[PDB]
């Protein structure tokens, strides 16, 4: 059968590969941008390539092998380093000057970890139907016996690092049942490894694609006509017998099926019109799940003024305004002598920041840094990079997050096809939504579902 795959991100390339492996090679991959990889994407900053999207292989050294690891660590050998969060207690900055006492902070961290641990025990006892689920915040109130969760600045930044920095939305919106504990770590291990290779984390996608799409022998560039870049799909028409897909440049294509890999945010936006309209059950499942935003703000300075050394890689700023420029990283190992710092924000701050200029954001960050390093002469950043994923119509966010209120059955409706319209992508991964390995396995699973229906008529 002929199949059109919308999008050349990890799940699209992964699904096309699986299909090709089942012998379905009459494929047509339509990608909106001028390159493949989607949310795995590097860029030059300060004369170095940094990751605008995914940057870590998460879940390593555990009971099961994360399928992406071997590709990164063995097959391509992309340069990488295990992240160590053990020294955070020595690195939490007060809103107005210097770090807090390390012992005081380690105990707050312990308390937070301990509460989360009781949350894990509780979560195991809830019903599969989701009828007793609650937000992570509700679990914190119940385990701590208080009318509120973390609320002083230090407690809040610790809370932000433990949950928002992983999920990109606050614990009060997040489903406990479906995030605590998280399958990624429970299955693949607790370690995470930061990819810092000039070829980019995206090389993994290029590698997969080259296993079945044609590449030039000199360049190594993909030259297979089954892949077409700069094709923005704007309309997908379907009937019991087949589909037609129209692109923004006016091309029109036909096929027996279509495999949609665009992000949940793109699907919540209407960039793609379905005709007829998707059924109400489908539409509701789409809008009830969350597409979060995680913004990696890179900064380059004329000289270093922050600490380097053991346990210095990650540091937090305990603002009295929850989530305000709170999680920092320095790259002495990754990009030695580069003078770059990375601050990450999410959710509300991400949408506010994408809407203002870089200069304005730079100025807000300079004020925080000066407050953090009162003894130093902090030079202004010479350059800044603010990724605008939420504003980008082809992504509208960075990764899904599971909100309280949605149960497994409704999450599964996200994965469900509609007639001949199939869906794939990280938001359809059964237990790994939000990750690169989740996009990867999702392409395989979605492809297998279409293969069984199309080839064996077992739908």
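What we label the rigid core is the largest C-alpha set whose atoms superpose within 1.5 Å from one form to the other. Numbering follows the first chain given and starts at 1.
Asker: With the rigid core as the fit anchor, does 172-180 or 123-131 show bigger C-alpha shifts in 5 other deposited structures of this protein?
Answerer: Looking at 123-131 and 172-180 in 5 other deposited structures of this protein, the bigger mover is 123-131.
Asker: Once the rigid core is lined up, would you tell me whether 409-417 or 35-43 has the higher RMS CA deviation in 5 other deposited structures of this protein?
Answerer: Per-stretch check in 5 other deposited structures of this protein: the more divergent one is 409-417.
Asker: Going by the average Cα B-factor in the PDB entry, point out whether 232-240 or 187-195 comes out higher.
Answerer: The recorded data point to 187-195.
Asker: Which is higher on mean Cα B factor in this entry, 408-416 or 395-403?
Answerer: Stretch with the greater average CA B-factor: 408-416.
Asker: Name the residue from 295, 261, 360, 148 with the greatest C-alpha temperature factor listed in the entry.
Answerer: Among 295, 261, 360, 148, the highest C-alpha B-factor in the entry belongs to 360.
Asker: For the listed 153, 375, 171, 181, which has the peak Cα B-factor recorded in the PDB entry?
Answerer: Answer, based on the entry's C-alpha B-factors: 375.
Asker: Lowest, middle or highest third: where is residue 49 by C-alpha B factor in its chain?
Answerer: For residue 49, whose C-alpha B-factor we compare with every modelled residue in the chain, the answer is the highest third.
Asker: Mind checking which third residue 91 falls in for C-alpha B-factor across the chain?
Answerer: Tercile = middle for this residue's CA B-factor.
Asker: Hey, what third does residue 351 fall into on Cα B-factor, ranked over its chain?
Answerer: Lowest third - that is where residue 351 ends up once the chain's C-alpha B-factors are sorted.
Asker: Among all modelled residues of this chain, ranked by Cα B factor, put residue 282 in the bottom, middle or top third, i.e. lowest, middle or highest.
Answerer: Ranked within chain, residue 282 CA B lands in the lowest tercile.
Asker: Going by what the PDB entry lists, where does residue 122 fall on CA B-factor within its chain: lowest, middle or highest third?
Answerer: As the PDB entry reports it, the C-alpha B-factor of residue 122 lands in the middle third of its chain.
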